[PDB]
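First comes the structure, then the notes that go with it.
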Number of protein chains: 2
Amino acid sequence: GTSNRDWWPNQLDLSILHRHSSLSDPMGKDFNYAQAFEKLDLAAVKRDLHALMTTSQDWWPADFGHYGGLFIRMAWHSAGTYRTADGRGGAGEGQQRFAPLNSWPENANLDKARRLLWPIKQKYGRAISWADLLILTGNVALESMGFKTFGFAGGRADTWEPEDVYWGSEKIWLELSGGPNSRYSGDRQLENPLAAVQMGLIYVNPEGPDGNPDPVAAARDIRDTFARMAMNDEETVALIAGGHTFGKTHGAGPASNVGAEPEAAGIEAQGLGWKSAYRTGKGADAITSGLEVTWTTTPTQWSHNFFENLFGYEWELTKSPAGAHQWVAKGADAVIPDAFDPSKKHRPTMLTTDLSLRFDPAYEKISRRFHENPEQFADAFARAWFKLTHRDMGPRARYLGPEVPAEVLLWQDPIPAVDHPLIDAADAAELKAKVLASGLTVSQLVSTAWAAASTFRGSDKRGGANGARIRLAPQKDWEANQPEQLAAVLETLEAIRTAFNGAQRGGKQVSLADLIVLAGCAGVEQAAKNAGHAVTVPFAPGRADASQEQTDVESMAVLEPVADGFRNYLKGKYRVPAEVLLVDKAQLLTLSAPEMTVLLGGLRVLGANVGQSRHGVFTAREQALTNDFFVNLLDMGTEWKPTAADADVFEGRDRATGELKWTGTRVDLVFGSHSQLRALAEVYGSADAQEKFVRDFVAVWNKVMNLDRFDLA
Amino acid sequence: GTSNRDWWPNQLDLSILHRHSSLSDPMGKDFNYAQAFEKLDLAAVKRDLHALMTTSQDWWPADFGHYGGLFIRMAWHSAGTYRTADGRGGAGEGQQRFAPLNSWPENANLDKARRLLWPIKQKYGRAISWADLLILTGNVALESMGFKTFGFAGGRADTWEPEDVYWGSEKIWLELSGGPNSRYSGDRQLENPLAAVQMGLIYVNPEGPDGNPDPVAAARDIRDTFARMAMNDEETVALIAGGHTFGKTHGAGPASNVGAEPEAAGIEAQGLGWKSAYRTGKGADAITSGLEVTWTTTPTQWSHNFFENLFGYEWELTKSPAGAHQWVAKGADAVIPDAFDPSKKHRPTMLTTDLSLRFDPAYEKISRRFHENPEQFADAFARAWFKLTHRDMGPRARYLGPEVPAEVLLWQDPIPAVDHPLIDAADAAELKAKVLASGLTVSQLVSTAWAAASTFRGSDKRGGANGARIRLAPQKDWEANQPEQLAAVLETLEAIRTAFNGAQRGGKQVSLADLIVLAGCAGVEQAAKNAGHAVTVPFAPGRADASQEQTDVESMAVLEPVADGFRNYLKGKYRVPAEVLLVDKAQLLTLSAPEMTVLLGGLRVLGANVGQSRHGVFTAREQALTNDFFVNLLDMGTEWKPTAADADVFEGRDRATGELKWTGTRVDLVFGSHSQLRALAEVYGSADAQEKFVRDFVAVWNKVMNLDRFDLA
Ligand code: HEM
Ligand code: HEM
Ligand code: NA
Ligand code: NA
């Protein structure tokens, strides 16, 4: 069937904005997963998981009688798709059970692991999500094998369709770099926002870069990809050596024996894949990666034997039975148990990437310290395993259950507790009037609140106006936030705040975070008044102010908006057309196409553009909340053409006279070009739409202001 | 960005079931278009449309000073995509404004027509939809040019994204037949459900079949494609001759001058396309089809000149200025006016397909009768224009406004008005108990009501249980309806009905259409009781019984279900996999993925399969409403394989013993294979889900029983 995507492959795709509809969700509109989870008997689930670990099924027999290592890999892969650039991937939505991830080559045979969990999932039903169950299982695995975890939080609600993620442009699974769709260029520079080295890999190639078994060059790729998943050297070493304390790899025969991945397999496979014609196809004969390595002398028990082997032997390059490069210990005895035959033992083996931890000089220093001090290694691994599995969950307020760690960690972008009465509706009215009497303008008020709130991204639930981090490094200095204007506004609001808080009794006070949002509410209200319309913008207090000491400046850099079409802003020149970047921002903000449309049309006429650019400001009553952007854009009296100086800026001229009326970017004019976006523009630019435009603008403004308010969930 | 569609192009696409969500719609959830339209000042809209006709814009100057022809073509094309096979296409959703239809080659320059209507759309806003406006404009154009229309109904609500329609498999616009994706095979057999001869045409090629200018062979294509749009010979000749009484075609220079269609055009084109480098690119120099034909001596006035020209000259094959085949009158004088230069006249000309109306012997007879009796031609064209523009609107109860014709037309599948008190709740309980005491089984009750209600399709709003047409030809004889079983059920229900009606006072009676539905409801109630659940199934009376004389047997044939996965039925062997057909059926029933899932799993255990097939009947308590279908399907204790005899039938065997437990089709097992459908199955197969399953089944059952109830809204 030929589709629109076939005929017009470069046209913008709005369907990413309309996933997660109430249509595709099997649970009722009123289902609240947190309420369900909070009544789960978590202890009972963990005792069923503990039993499962040593209850082998004959369709996928357990290595060493224990599924622990399989399930640790499962959980690590669930979390391991995470990219800090955009916050997409990670374990937080249980996406490993849908396409494409369920059929990526590096997820081979995790179909079996997830099928092992069905009886448990079935037993507890809606009170435990697949998303949470995958993580919990990896925890129970670690526990069952003698490792003390840092804790666990529930609350990852299940999703019901594949997430729209750009995973790369390659058309071949695992394609080596330098192809027609190479994710690499320059001196091995991996393209943003990707955080893996080949399409269908979690981080790096276990044989070495593009299959070259050089541990020193492989370390480079490990360091770069882990940093793109927000893990530093200590965390990286802890995680790789920690995971590879357990279990084994599977490469018992040639890979050509392995059949279709789950999405490609026959209907009779009933959602499983990688069916193997090599001997029994499973157990002793399993093939997953094609490597055949077992790291430790007790693969089903926590130990410090990974580093004892790493540092106590010298290593020789060898090949698995599938032909993959791997390493064996020179002159070693057979000390490693076999997974099924108790009369057989094997020499220690390592992946190229394991040896990276000894042959890269910075990793070597950490690895030696972990070898000499295995209590340090155990604590680093527990903390890193927690971060790995929780990094995309969002603020601590979303953490459910009896095992949440009490320690507040810097990577959580923590927000202090509120310990005082909040402002009431009369206070909020009084503050709005004080803000408007200060002489701050609509443009200043709307721009500041937009800058504070529009850092949120729903992909990992970071960002938002909670915290008042807009006043702190690095946000206060970002170009899009207009640092000198911003500083002036914040000084005036901090004076308003000091005066209001000094006059109270009873401990009542207002945070700057709340007052920034409220002040933006007053700007929207005043703009509505400027247009002849009395509206109240909703406001919910209870945000708190974080300190600089509670803010990791390097982790916050990924939240900088380098492209924000809501402020007509592009920090530099990109490959990707600015309209595509706008739809990507809308998706991160959780906006639909109609919400994106209303919000951008209003923000243009409110003066929200960076630098006071006139691009898209299609009004003669700036700072009034009207639908002029739509009326003017859709006026066929005006003809548009790209400028000679810059093809991405357009002049709108009177069609009859030639007189210059306006200028606009691609982000402005897409609303008059794309057939679906123009239909939306037509609704708001109709003669009956002023009241609708105002109400829908207020609604979407308030939505953006509240994106991070999981305290009100 | 490589997508799931790229990796697994044969995997099933459920996003067709979740279009048209409240996310994509700019209107609020309780916007009711009918209510808005009923308040529109339709008379005012019409006066503005009359004014527009002759208000020429310089960017697309009006031929002959009057846009009437262009607008008639616009409305004709809006309606002309309609296929009787599935009911998809047509004017009823305004889809000419979205991809792909806004950019189909035969829709060239209709972008201009729609842009000429924007000021009126803007002025009346949500009170008139694009969908209604495109049809009303066509009507006004006719009226302005002297033709009295048969009527007009409003009520076509706008839609907000492209409809999912299979338009063909060709990857080249306009590709002639016999290519790798040919819509033709055998002796020119067009593939169902297509109703046009080339990709991007409305019906046929105006030069003749595959470009060969043979009017007799073109006639064959015209007859076949019009029949596939629900039009017979008389309607066909009236429509082509009526349309071509007006306006002109455009082909003033070579087609290579024409640039990108609207979805391919630059952002500066602001939604328009087909920009032409030939001379002024418009007006006298316009290029649309490449033909240059003006049919009549008065192209802006209703006349009887079409048939006078057709029969009064003999015709010679010639070429337009773009190179296209067309026909010129032998030895004629220059009598046809020029569209822009009063000093120029032209000889009469005709398309190949216009000469079909003279040279095909059966059309010749009609055409001559129209020529000799022009009052007949006028009345047939008025009726056929009404039908063309309203054929996809559904029952008359949906028709809005003050111009709706009072005459009831057979193609509307009319239902008689109800003239008597309806049954109340006490009566319904009395009838359900009578039905259950008669000895009809759960299987029979459920099967019969499903058979009656599941003929509905949302595409053109035909079908459904209202009318009791299940008792009439041809529905009573369809193989999927199990004609001998059906007859026995209807005899028993008609005796119940006669007894109940004979005991009433005050004119109260029940229709058989109501009783069939109510009896289905009693079957579902009984099946819940069989499972230990006390459940009441909602029922709304008020359906009426249509007569055989109100039921066009040939038009009803397109509703026959040749594939109904809900009854595990497939009439023969198809090239499309049966699970794709199930999703296509779900779409026509307006079901989402979770509704399709719950429905099919319940129908399987209630005994709704055709012929009592055991395929998918995964329960040991048939006729009890339980979630057994899901629990058993997802059991990993069972292994599935295709049979040797038939690859589309699967045996499910105990994994440990090899013993046969079940058999299923592709429709059954897809719910265990597709990763999104399996996620839905898991919800209903969980230990906490029996009550959910029952309540969701009742809801979707009710939904299906009321799909055609436009008398209740
Ligand atoms: C540079 C990073 C990493 C690479 C290249 C890598 C590579 C691999 C490969 C190739 C396998 C074998 C798959 C199979 O054939 O069955 C595997 C297994 C495994 N990995 Fe990793 N790994 C990395 C990091 C991690 C991390 C961060 C953890 C968890 C903290 C983890 C835990 C495991 C475990 C537990 C297994 C054993 C599975 C089993 O027993 O079935 N690895 N690793
Ligand atoms: C066999 C079926 C038909 C064929 C092949 C056909 C073909 C076409 C073609 C090629 C053009 C020229 C487009 C352009 O160059 O501007 C056209 C024009 C037009 N057709 Fe048809 N037509 C068919 C049926 C219809 C029907 C059923 C109607 C309406 C009832 C219709 C009404 C018109 C009108 C009014 C024009 C003139 C447009 C203008 O003045 O701009 N035609 N036709
Ligand atoms: Na994420
Ligand atoms: Na339709």
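We count ligands from 1, going down the list as the structure has it; atoms in each ligand are counted the same way. By convention in this document, chain letters (A, B, ...) are assigned in the order of the sequence lines, proteins followed by strands, and residues within each chain are numbered from 1.
Of all protein heavy atoms, the one closest to atom 15 (O) of ligand 2 is B:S289 OG, 2.6 Å. Ranking the protein heavy atoms by distance from atom 9 (C) of ligand 2 puts B:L351 CD1, 4.3 Å first. In terms of protein heavy atoms, atom 16 (O) of ligand 2 is closest to B:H250 ND1, 2.7 Å. Nearest protein heavy-atom neighbour of atom 37 (C) of ligand 2: B:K248 O, 3.5 Å. For atom 30 (C) of ligand 2, the nearest non-hydrogen atom of the protein is B:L239 O, 3.3 Å.
Within ligand 2, counting atoms from 1 as listed, the ones closer than 4.0 Å to a heavy atom of B:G247 are 40 (O). Close approach of ligand 2 to B:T353 is summarised as follows: ligand atoms under 4.0 Å from at least one heavy atom of the residue are 5 (C). Atoms of ligand 2 found under 4.0 Å from any heavy atom of B:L70, numbered from 1 in the order shown, are 39 (C), 40 (O), 41 (O). Counting atoms of ligand 2 from 1 in the listed order, those under 4.0 Å from a heavy atom of B:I72 are 35 (C).
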Item to complete: Would you please test B:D224 and B:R228 for salt bridge (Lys or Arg N to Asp or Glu O under 4.0 Å) and show each step?
Response: CA-CA 6 Å; B:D224 176 29; B:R228 286 165 185 254; 3.0 Å; yes
Discussion item. Could you go through B:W302 and B:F377, starting from their C-alpha distance and side-chain angles, then the distance that decides it, and tell me whether this counts as ring-ring contact (aromatic ring centres under 6.0 Å, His included)?
Written reply: CA-CA 12 Å; B:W302 178 247; B:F377 173 37; 5.3 Å; yes
Practice prompt. Determine, stepwise, if the pair B:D584 / B:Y166 fulfils side chain to side chain contact (heavy atoms under 4.5 Å, CB included).
Written response: CA-CA 10 Å; B:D584 167 77; B:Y166 174 62; over 6 Å; no
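Residue B:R279 qualifies as open at atom CZ: its count of foreign heavy atoms under 6.0 Å is 12 or below.
Around atom 21 (Fe) of ligand 2, the protein atoms of type N, O or S found under 2.8 Å away are B:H244 NE2, listed by chain and number.
Cation-pi check for B:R97 over B:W160 is met; the charged atom lies under 6.0 angstrom from the ring centroid and within 45 degrees of its normal. Cation-pi contact between B:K112 and B:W60: present, with separation from the ring centre below 6.0 Å and deviation from the ring axis of at most 45°.
Checked against the 6.0 Å centroid criterion, the rings of B:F370 and B:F306 do not qualify as a close aromatic pair. Taking the centre of each ring, A:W104 and A:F98 stay at or above the 6.0 Å mark.
If you look at B:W295 next to ligand 2, the close heavy atoms, those under 4.0 Å, all belong to the side chain.
Proximity of a side-chain donor or acceptor of A:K387 to a complementary backbone N or O of A:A230 within less than 3.5 Å is detected.
Contact check on B:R391 versus B:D460 returns no salt bridge, with no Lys/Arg side-chain nitrogen under 4.0 Å from an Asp/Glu carboxylate oxygen. Residues A:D708 and A:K461 are not paired through a salt bridge, judged by the lack of any N-O separation under 4.0 Å between the basic side chain and the carboxylate.
Nearest heavy atoms, B:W59 versus B:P61: C-CD, 4.0 Å.
Considering both main-chain and side-chain atoms, B:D63 never comes within under 3.5 Å of ligand 2 through any nitrogen or oxygen pair.
Residue contacts to the Na ion (ligand 3): A:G89 brings an N, O or S atom closer than 3.0 Å. At a cut-off of 3.0 Å, A:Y82 is not counted among the residues with an N, O or S atom near the Na ion (ligand 3). Taking backbone and side-chain atoms together, A:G87 has an N/O/S atom less than 3.0 Å away from the Na ion (ligand 3).
Judged purely by distance below 3.5 Å, without hydrogens or angles, the side chains of A:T159 and A:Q95 pair a donor atom with an acceptor atom.
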